[PDB]
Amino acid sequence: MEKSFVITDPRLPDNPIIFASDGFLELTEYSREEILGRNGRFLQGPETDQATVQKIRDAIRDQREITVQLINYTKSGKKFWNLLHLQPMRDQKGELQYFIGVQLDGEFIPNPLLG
């Protein structure tokens, strides 16, 4: 599939998605109109590890890059493992401008060696 990514605007409330790639639409099964303006946490669900969610929270707060692997769900409820790479993007004035999150679908590291 084409690269799956979203870009969020941390200068707006709760870091909404302002761009979703065609690959993200394909991976998640959502349409662009179901995505724009919401927070990326919508892909989470019952099996998502909250310890991993906390790590993401801290990285966003600290404006630090992180990679985690966590369970996400398609629109039709199919579970997938998401190796999510989150990167802050700063402008030439040194100011945070965006986050980008790139999703790779797969259980890259076996679950027994995550937990």
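Residues carry their position along the shown sequence, with the first being 1.
Would you mind comparing 90-98 and 14-22 for me and telling me which has the higher average C-alpha temperature factor in the entry? It is 90-98.
Quiz item: Averaging C-alpha B-factors over each stretch, which comes out higher, 26-34 or 40-48?
Solution: Looking at the record's C-alpha B-factors, the answer is 26-34.
request  = Would you check the entry's CA temperature factor for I66 and let me know if it's in the chain's lowest, middle or highest third?
outcome  = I66: CA B-factor falls in the highest third of its chain.
Check: In terms of the chain's CA B-factor thirds, is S76 lowest, middle or highest?
Finding: As the PDB entry reports it, the C-alpha B-factor of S76 lands in the highest third of its chain.
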